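Q: My file is data.tsv. It has TSV, C-alpha atoms:
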```tsv
chain	number	residue	atom	x	y	z
A	18	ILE	CA	23.55	33.36	11.27
A	19	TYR	CA	20.60	30.96	11.55
A	20	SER	CA	18.24	33.63	10.28
A	21	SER	CA	19.94	33.28	6.90
A	22	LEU	CA	18.65	29.73	6.90
A	23	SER	CA	15.14	31.03	7.45
A	24	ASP	CA	15.89	33.57	4.71
A	25	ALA	CA	16.96	30.80	2.34
A	26	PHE	CA	13.80	29.02	3.44
A	27	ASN	CA	11.91	32.17	2.55
A	28	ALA	CA	13.66	32.19	-0.80
A	29	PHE	CA	12.38	28.65	-1.23
A	30	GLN	CA	8.88	29.72	-0.13
A	31	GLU	CA	8.91	32.60	-2.60
A	32	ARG	CA	10.03	30.17	-5.35
A	33	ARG	CA	7.63	27.56	-3.92
A	34	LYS	CA	4.77	29.15	-5.74
A	35	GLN	CA	6.73	28.64	-8.93
A	36	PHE	CA	7.72	25.16	-7.83
A	37	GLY	CA	4.08	24.18	-7.63
A	38	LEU	CA	1.89	22.19	-5.29
A	39	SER	CA	3.20	20.31	-2.24
A	40	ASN	CA	3.95	16.59	-2.31
A	41	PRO	CA	3.29	14.46	0.85
A	42	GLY	CA	6.43	12.62	-0.28
A	43	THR	CA	5.21	9.05	0.10
A	44	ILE	CA	6.73	6.94	-2.70
A	45	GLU	CA	4.81	3.83	-1.80
A	46	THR	CA	1.47	5.63	-2.18
A	47	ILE	CA	2.68	7.20	-5.39
A	48	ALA	CA	3.52	3.68	-6.49
A	49	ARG	CA	0.00	2.81	-5.35
A	50	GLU	CA	-1.50	5.20	-7.80
A	51	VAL	CA	-1.06	2.20	-10.05
A	52	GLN	CA	-0.64	-0.49	-7.40
A	53	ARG	CA	-3.71	0.57	-5.44
A	54	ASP	CA	-5.50	-0.45	-8.50
A	55	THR	CA	-3.22	-3.36	-9.50
A	56	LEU	CA	-1.26	-4.69	-6.50
A	57	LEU	CA	-4.25	-4.62	-4.21
A	58	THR	CA	-6.05	-6.36	-7.03
A	59	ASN	CA	-3.14	-8.70	-7.08
A	60	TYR	CA	-3.60	-9.14	-3.40
A	61	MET	CA	-7.10	-10.06	-4.33
A	62	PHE	CA	-6.09	-12.41	-7.11
A	63	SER	CA	-5.80	-15.51	-4.97
A	64	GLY	CA	-8.60	-17.77	-6.20
A	65	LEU	CA	-7.44	-20.69	-4.01
A	66	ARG	CA	-9.45	-19.10	-1.19
A	67	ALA	CA	-12.93	-18.17	-0.29
A	68	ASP	CA	-12.72	-14.98	1.64
A	69	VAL	CA	-15.57	-14.09	3.93
A	70	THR	CA	-15.41	-11.12	6.23
A	71	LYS	CA	-18.06	-10.40	8.84
A	72	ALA	CA	-17.83	-6.76	9.86
A	73	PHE	CA	-19.70	-5.45	12.98
A	74	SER	CA	-19.13	-1.76	13.43
A	75	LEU	CA	-19.63	-0.97	17.07
A	76	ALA	CA	-19.15	2.81	16.82
A	77	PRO	CA	-17.56	5.19	14.22
A	78	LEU	CA	-14.32	4.72	16.12
A	79	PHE	CA	-14.83	0.93	16.28
A	80	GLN	CA	-15.06	-1.66	13.54
A	81	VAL	CA	-15.10	-5.35	14.29
A	82	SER	CA	-14.73	-8.10	11.64
A	83	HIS	CA	-14.30	-11.86	11.37
A	84	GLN	CA	-12.12	-13.25	8.60
A	85	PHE	CA	-12.81	-16.61	7.01
A	86	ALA	CA	-9.75	-17.47	4.99
A	87	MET	CA	-9.07	-20.53	2.90
A	88	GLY	CA	-6.42	-22.04	0.68
A	89	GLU	CA	-3.09	-20.26	0.85
A	90	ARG	CA	-3.69	-18.56	4.21
A	91	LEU	CA	-5.95	-21.40	5.36
A	92	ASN	CA	-7.30	-19.43	8.32
A	93	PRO	CA	-11.17	-19.87	8.24
A	94	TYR	CA	-11.38	-17.94	11.45
A	95	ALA	CA	-9.08	-15.02	11.70
A	96	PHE	CA	-10.65	-12.42	13.92
A	97	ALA	CA	-9.83	-8.94	12.91
A	98	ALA	CA	-10.88	-5.43	13.89
A	99	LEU	CA	-9.82	-1.83	13.54
A	100	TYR	CA	-10.30	1.09	15.84
A	101	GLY	CA	-9.34	4.73	15.90
A	102	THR	CA	-9.73	8.48	16.62
A	103	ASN	CA	-8.73	11.50	14.60
A	104	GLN	CA	-5.19	10.76	13.31
A	105	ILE	CA	-5.29	7.46	15.25
A	106	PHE	CA	-5.87	4.14	13.55
A	107	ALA	CA	-5.30	0.72	15.07
A	108	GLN	CA	-5.78	-2.63	13.50
A	109	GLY	CA	-5.77	-6.10	15.02
A	110	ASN	CA	-5.47	-9.25	12.90
A	111	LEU	CA	-5.59	-12.62	14.77
A	112	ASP	CA	-5.56	-16.21	13.45
A	113	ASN	CA	-5.50	-19.53	15.22
A	114	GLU	CA	-5.04	-22.65	13.07
A	115	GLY	CA	-2.49	-24.55	15.03
A	116	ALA	CA	0.00	-21.87	14.14
A	117	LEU	CA	-0.67	-18.63	15.91
A	118	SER	CA	-0.33	-15.24	14.26
A	119	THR	CA	-1.55	-11.75	14.93
A	120	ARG	CA	-0.75	-8.28	13.58
A	121	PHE	CA	-1.25	-4.94	15.22
A	122	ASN	CA	-1.14	-1.59	13.49
A	123	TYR	CA	-1.17	1.76	15.31
A	124	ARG	CA	-0.90	5.52	14.54
A	125	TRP	CA	0.99	7.71	17.02
A	126	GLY	CA	0.64	11.28	15.81
A	127	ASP	CA	-0.77	14.23	13.84
A	128	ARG	CA	2.08	16.79	13.80
A	129	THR	CA	4.62	13.92	14.04
A	130	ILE	CA	2.89	11.25	12.02
A	131	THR	CA	4.30	7.95	13.15
A	132	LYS	CA	2.85	4.43	12.94
A	133	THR	CA	3.61	0.85	13.86
A	134	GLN	CA	2.75	-2.42	12.14
A	135	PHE	CA	4.01	-5.43	14.06
A	136	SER	CA	3.03	-9.05	14.10
A	137	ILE	CA	3.91	-12.37	15.42
A	138	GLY	CA	3.78	-15.72	13.77
A	139	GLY	CA	4.89	-19.30	14.30
A	140	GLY	CA	7.17	-19.13	11.33
A	141	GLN	CA	8.23	-15.47	11.57
A	142	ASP	CA	7.57	-12.51	13.84
A	143	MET	CA	7.72	-9.07	12.24
A	144	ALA	CA	7.94	-5.58	13.63
A	145	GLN	CA	7.46	-2.61	11.27
A	146	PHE	CA	7.97	0.89	12.64
A	147	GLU	CA	7.42	3.95	10.47
A	148	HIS	CA	8.22	7.56	11.30
A	149	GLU	CA	7.00	10.14	8.86
A	150	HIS	CA	8.84	13.42	8.31
A	151	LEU	CA	6.46	15.58	6.32
A	152	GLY	CA	8.01	18.51	4.48
A	153	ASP	CA	6.46	21.51	2.73
A	154	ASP	CA	6.67	19.91	-0.78
A	155	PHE	CA	8.43	16.79	0.27
A	156	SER	CA	8.77	14.25	3.04
A	157	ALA	CA	11.03	11.68	4.52
A	158	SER	CA	10.21	8.52	6.35
A	159	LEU	CA	12.16	6.28	8.69
A	160	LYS	CA	11.00	2.74	8.34
A	161	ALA	CA	12.28	-0.18	10.28
A	162	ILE	CA	11.70	-3.90	10.14
A	163	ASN	CA	12.69	-6.27	12.91
A	164	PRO	CA	14.97	-3.56	14.45
A	165	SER	CA	16.44	-5.80	17.15
A	166	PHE	CA	19.39	-4.64	19.20
A	167	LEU	CA	22.54	-6.18	20.57
A	168	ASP	CA	24.27	-5.25	23.78
A	169	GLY	CA	26.48	-2.51	22.39
A	170	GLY	CA	25.17	-2.94	18.82
A	171	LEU	CA	22.09	-3.01	16.61
A	172	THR	CA	20.57	-5.12	13.82
A	173	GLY	CA	17.57	-4.73	11.53
A	174	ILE	CA	16.19	-2.83	8.56
A	175	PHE	CA	16.30	1.02	8.80
A	176	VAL	CA	15.03	2.47	5.47
A	177	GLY	CA	15.13	6.21	4.93
A	178	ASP	CA	13.16	7.62	2.05
A	179	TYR	CA	12.93	11.23	0.75
A	180	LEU	CA	10.84	12.64	-2.07
A	181	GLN	CA	10.45	16.25	-3.27
A	182	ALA	CA	8.72	17.76	-6.27
A	183	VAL	CA	11.22	19.11	-8.79
A	184	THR	CA	8.49	20.40	-11.08
A	185	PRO	CA	4.77	21.24	-10.48
A	186	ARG	CA	3.98	18.00	-12.29
A	187	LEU	CA	7.25	16.04	-12.00
A	188	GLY	CA	9.25	14.89	-9.01
A	189	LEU	CA	12.16	12.88	-7.66
A	190	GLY	CA	12.83	10.74	-4.60
A	191	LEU	CA	15.24	8.22	-3.18
A	192	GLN	CA	14.64	5.19	-1.07
A	193	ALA	CA	17.63	4.74	1.16
A	194	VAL	CA	17.37	1.12	2.06
A	195	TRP	CA	19.65	0.29	4.95
A	196	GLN	CA	19.67	-2.94	6.87
A	197	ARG	CA	21.95	-4.71	9.25
A	198	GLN	CA	21.76	-8.40	8.62
A	199	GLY	CA	23.76	-9.25	11.70
A	200	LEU	CA	26.83	-8.71	13.83
A	201	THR	CA	29.04	-10.61	11.38
A	202	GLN	CA	26.79	-9.60	8.58
A	203	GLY	CA	27.08	-6.23	6.96
A	204	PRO	CA	24.99	-3.04	6.92
A	205	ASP	CA	23.45	-3.81	3.61
A	206	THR	CA	22.29	-0.73	1.85
A	207	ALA	CA	20.92	0.30	-1.50
A	208	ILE	CA	19.23	3.42	-2.72
A	209	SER	CA	16.30	3.18	-5.01
A	210	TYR	CA	16.10	5.97	-7.50
A	211	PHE	CA	12.54	7.17	-7.77
A	212	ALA	CA	11.11	9.42	-10.40
A	213	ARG	CA	7.61	10.60	-10.98
A	214	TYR	CA	5.98	12.28	-13.91
A	215	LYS	CA	2.55	13.19	-12.67
A	216	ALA	CA	1.06	14.49	-15.86
A	217	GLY	CA	-2.64	15.13	-15.66
A	218	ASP	CA	-3.02	13.04	-18.76
A	219	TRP	CA	-1.15	10.19	-17.16
A	220	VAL	CA	1.17	9.68	-14.28
A	221	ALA	CA	4.37	8.02	-15.29
A	222	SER	CA	6.42	6.60	-12.48
A	223	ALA	CA	9.62	4.70	-12.09
A	224	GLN	CA	11.53	2.91	-9.40
A	225	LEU	CA	15.12	1.85	-9.76
A	226	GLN	CA	16.22	-0.17	-6.79
A	227	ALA	CA	20.01	-0.11	-6.70
A	228	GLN	CA	20.06	-3.85	-6.06
A	229	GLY	CA	16.96	-4.23	-8.24
A	230	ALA	CA	15.89	-2.89	-11.58
A	231	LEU	CA	13.79	-0.12	-13.08
A	232	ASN	CA	10.11	-0.57	-12.62
A	233	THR	CA	7.87	1.74	-14.56
A	234	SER	CA	4.23	2.58	-14.66
A	235	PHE	CA	1.55	4.77	-16.28
A	236	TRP	CA	-1.78	5.74	-14.76
A	237	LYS	CA	-4.76	7.69	-16.10
A	238	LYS	CA	-8.51	7.62	-15.74
A	239	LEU	CA	-10.60	6.97	-18.80
A	240	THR	CA	-13.90	8.10	-17.32
A	241	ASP	CA	-14.98	9.01	-13.86
A	242	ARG	CA	-16.13	5.38	-13.63
A	243	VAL	CA	-13.50	3.72	-15.77
A	244	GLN	CA	-9.87	4.02	-14.88
A	245	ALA	CA	-6.85	2.40	-16.43
A	246	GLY	CA	-3.13	1.88	-16.07
A	247	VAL	CA	-0.06	0.09	-17.40
A	248	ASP	CA	3.09	-0.98	-15.71
A	249	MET	CA	6.39	-2.74	-16.25
A	250	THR	CA	8.57	-4.57	-13.81
A	251	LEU	CA	12.24	-5.35	-14.38
A	252	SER	CA	14.78	-7.70	-12.85
A	253	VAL	CA	18.38	-8.42	-13.86
A	254	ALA	CA	20.88	-10.71	-12.19
A	255	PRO	CA	24.11	-12.51	-13.45
A	256	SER	CA	24.69	-16.21	-12.92
A	257	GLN	CA	26.87	-19.17	-13.86
A	258	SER	CA	27.86	-18.87	-17.49
A	259	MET	CA	27.38	-22.62	-17.78
A	260	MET	CA	23.55	-22.68	-17.84
A	261	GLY	CA	23.19	-20.39	-14.83
A	262	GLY	CA	20.19	-18.56	-13.37
A	263	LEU	CA	20.35	-15.29	-15.35
A	264	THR	CA	17.37	-13.33	-14.09
A	265	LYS	CA	17.13	-10.71	-16.80
A	266	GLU	CA	13.37	-10.57	-17.13
A	267	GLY	CA	10.48	-8.11	-17.29
A	268	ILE	CA	6.70	-8.15	-16.92
A	269	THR	CA	4.29	-5.66	-18.46
A	270	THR	CA	0.72	-5.49	-17.29
A	271	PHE	CA	-2.33	-3.66	-18.53
A	272	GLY	CA	-5.55	-3.13	-16.71
A	273	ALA	CA	-8.59	-1.11	-15.93
A	274	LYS	CA	-11.23	-0.33	-13.36
A	275	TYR	CA	-14.90	-0.39	-14.22
A	276	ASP	CA	-16.57	0.77	-11.10
A	277	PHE	CA	-20.27	1.40	-10.78
A	278	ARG	CA	-22.52	2.45	-8.02
A	279	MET	CA	-22.45	-0.50	-5.62
A	280	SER	CA	-20.00	-2.34	-7.81
A	281	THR	CA	-16.32	-2.56	-8.46
A	282	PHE	CA	-14.55	-4.27	-11.31
A	283	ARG	CA	-10.95	-4.96	-12.13
A	284	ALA	CA	-9.45	-6.47	-15.16
A	285	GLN	CA	-5.87	-6.82	-16.12
A	286	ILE	CA	-3.59	-8.36	-18.68
A	287	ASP	CA	-0.63	-9.82	-16.94
A	288	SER	CA	0.89	-11.45	-19.96
A	289	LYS	CA	-0.08	-12.88	-23.27
A	290	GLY	CA	-0.67	-16.05	-21.29
A	291	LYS	CA	-2.05	-14.46	-18.15
A	292	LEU	CA	-5.07	-12.31	-17.46
A	293	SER	CA	-7.15	-11.60	-14.36
A	294	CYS	CA	-10.64	-10.33	-13.53
A	295	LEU	CA	-12.16	-9.18	-10.28
A	296	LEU	CA	-15.85	-8.38	-9.83
A	297	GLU	CA	-17.44	-6.94	-6.70
A	298	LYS	CA	-21.08	-6.10	-6.10
A	299	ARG	CA	-22.67	-4.36	-3.13
A	300	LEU	CA	-26.20	-5.39	-2.41
A	301	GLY	CA	-28.49	-2.42	-2.57
A	302	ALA	CA	-30.87	-4.08	-0.12
A	303	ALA	CA	-28.15	-4.57	2.50
A	304	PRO	CA	-24.57	-3.56	3.60
A	305	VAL	CA	-23.01	-6.72	2.22
A	306	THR	CA	-20.81	-7.23	-0.82
A	307	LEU	CA	-19.87	-10.12	-3.08
A	308	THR	CA	-16.63	-10.60	-4.96
A	309	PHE	CA	-15.55	-13.11	-7.61
A	310	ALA	CA	-11.96	-13.56	-8.78
A	311	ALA	CA	-10.46	-15.16	-11.93
A	312	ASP	CA	-6.83	-15.76	-12.98
A	313	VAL	CA	-6.49	-17.37	-16.36
A	314	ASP	CA	-3.35	-19.21	-17.43
A	315	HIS	CA	-3.30	-19.65	-21.16
A	316	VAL	CA	0.04	-21.39	-21.10
A	317	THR	CA	-1.75	-24.33	-19.56
A	318	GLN	CA	-5.23	-22.98	-20.28
A	319	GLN	CA	-6.21	-23.19	-16.63
A	320	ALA	CA	-8.39	-20.82	-14.70
A	321	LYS	CA	-8.08	-20.07	-11.01
A	322	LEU	CA	-11.38	-18.97	-9.53
A	323	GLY	CA	-12.25	-17.70	-6.06
A	324	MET	CA	-14.85	-15.81	-4.18
A	325	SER	CA	-15.16	-13.39	-1.32
A	326	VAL	CA	-18.15	-12.22	0.65
A	327	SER	CA	-18.09	-9.39	3.08
A	328	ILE	CA	-20.89	-8.32	5.30
A	329	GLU	CA	-21.54	-5.47	7.68
A	330	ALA	CA	-23.97	-6.04	10.53
A	331	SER	CA	-26.86	-3.62	10.34
A	332	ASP	CA	-28.05	-2.30	13.65
A	333	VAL	CA	-29.36	0.94	15.12
A	334	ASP	CA	-25.79	2.04	15.66
A	335	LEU	CA	-25.22	1.84	11.94
A	336	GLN	CA	-27.70	4.59	11.34
A	337	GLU	CA	-26.46	6.46	14.37
A	338	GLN	CA	-23.00	6.19	12.90
A	339	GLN	CA	-24.27	7.69	9.68
A	340	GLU	CA	-25.55	10.52	11.81
A	341	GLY	CA	-22.30	10.68	13.75
A	342	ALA	CA	-19.98	10.22	10.75
A	343	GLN	CA	-19.19	13.93	10.52
A	344	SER	CA	-15.43	13.54	10.09
A	345	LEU	CA	-12.92	11.49	8.12
A	346	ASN	CA	-9.91	12.59	10.14
A	347	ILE	CA	-9.31	8.97	11.11
A	348	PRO	CA	-6.39	7.55	8.99
A	349	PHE	CA	-6.69	4.22	7.22
```
Please lay out the structure from this file as structure tokens.
A:
Amino acid sequence: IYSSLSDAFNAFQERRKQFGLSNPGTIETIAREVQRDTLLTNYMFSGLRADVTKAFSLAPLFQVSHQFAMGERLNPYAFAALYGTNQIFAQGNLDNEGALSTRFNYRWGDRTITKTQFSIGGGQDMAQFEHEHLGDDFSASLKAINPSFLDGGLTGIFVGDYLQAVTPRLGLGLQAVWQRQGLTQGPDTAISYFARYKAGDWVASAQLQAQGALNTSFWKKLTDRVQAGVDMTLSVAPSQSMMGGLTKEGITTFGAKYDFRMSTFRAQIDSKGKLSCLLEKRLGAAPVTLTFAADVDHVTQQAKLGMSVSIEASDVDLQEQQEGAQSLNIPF
């Protein structure tokens, strides 16, 4: 009986060669093929802050830093550090400016890749659990946010995603968002449709959240040092016919990477009225790096500027770590 399932599996494995190369199935990192380059850059667009980080690696397994945030986060001393072993990564973010907040990340497995990302704050505590379910050409992941329980019941966000290649270059996935907003509140759910078109000339991608709207993106490299991408976001929501809040809207952005040895550069067009630039430079004389950010509003012709400095302490362990850095099996 069950052997026929392994036989159907073998039929899949025979056809697998024809199906093409294996997908890790993570939609968020596929979305990051563009958003690694643009949303992380957008995480870097706040120019209302100076951002200094003072890294002290202790050992290859240990990395200590000090964050000096300003402006929007306003945490000029936010200690942070990360640690780990092969397939183990932990991160600890702490900040103390009247309000207390800290975040801790952890990785629990190799064959059963699982991780946790939880935090506390004065204004909101957050717990994020993720359980990966890696397939042969696909994967699923159980994600949960603030998964509190009731005596005889449960609350919280329990997202279940699945993605599988349908073609050697193209693929499909779903993001089953499920969340319980309360005992009296429902089990809100929505499934995002996800599609990917990973052409080697450009990756197209699209996300249709069932409660949301189709987001699309394109990514290609121009050179081995210059990379570029385009994306579109969409939102639609109905409102009061008498001058209501109709949200039908969309944003298209363009941008590119111009990276150089010891330097990184981002530039993007957010709108006809909005553009951003990010420049980073590593000092060749020392393991420190400088970053400058610009956001220019041409609706009001204003420019938001900011700066970040990150340093790594140099010590004899740094060279010993270069000597001991024989493996990258630590996740990040």
Q: Give me the residues of range 28-142 of chain A that have any atom at most 8 Å from an atom of range 335-342 of chain A; for each, the nearest atom pair and the distance in Å, rounded to one decimal. Use only C-alpha atoms, sort by chain and number, and format it as CSV.
A:
```
residue,atom,partner,partner_atom,distance
A:74,CA,A:335,CA,7.2
A:76,CA,A:338,CA,6.5
A:77,CA,A:338,CA,5.7
```
Q: When distances are computed from only C-alpha atoms, which of A:214, A:106, A:85, A:349 shows the smallest separation from residue 126 in chain A?
A: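 Counting only C-alpha atoms, the residue closest to residue 126 in chain A is A:106.
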Q: Of the candidates A:95, A:212, A:47, A:25, which shows the shortest atom-to-atom distance to residue 187 in chain A, using all atoms listed in the file?
A: A:212
Q: For a quick check of understanding, using only C-alpha atoms, which of A:190, A:185, A:138, A:41 has the smallest distance to residue 210 in chain A?
A: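 Smallest distance to residue 210 in chain A is found for A:190.
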Q: Have a look at A:94, A:343, A:54, A:281 and name the one nearest to residue 70 in chain A; count all atoms listed in the file.
A: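 Among the listed residues, the smallest separation from residue 70 in chain A belongs to A:94.
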Q: So how many Å separate CA of residue 315 in chain A and CA of residue 288 in chain A, to one decimal?
A: 9.3 Å
Q: With a distance cut-off of 10 Å and all atoms listed in the file, select the neighbouring residues of residue 314 in chain A, excluding the residue or stretch itself and same-chain residues fewer than 4 positions from it, and output the selection as an mmCIF file with C-alpha atoms, in the coordinates of the input.
A:
```
data_model
loop_
_atom_site.group_PDB
_atom_site.id
_atom_site.type_symbol
_atom_site.label_atom_id
_atom_site.label_comp_id
_atom_site.auth_asym_id
_atom_site.auth_seq_id
_atom_site.Cartn_x
_atom_site.Cartn_y
_atom_site.Cartn_z
ATOM 1 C CA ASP A 287 -0.630 -9.820 -16.940
ATOM 2 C CA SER A 288 0.890 -11.450 -19.960
ATOM 3 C CA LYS A 289 -0.080 -12.880 -23.270
ATOM 4 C CA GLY A 290 -0.670 -16.050 -21.290
ATOM 5 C CA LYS A 291 -2.050 -14.460 -18.150
ATOM 6 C CA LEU A 292 -5.070 -12.310 -17.460
ATOM 7 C CA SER A 293 -7.150 -11.600 -14.360
ATOM 8 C CA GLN A 318 -5.230 -22.980 -20.280
ATOM 9 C CA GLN A 319 -6.210 -23.190 -16.630
ATOM 10 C CA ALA A 320 -8.390 -20.820 -14.700
ATOM 11 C CA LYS A 321 -8.080 -20.070 -11.010
#
```
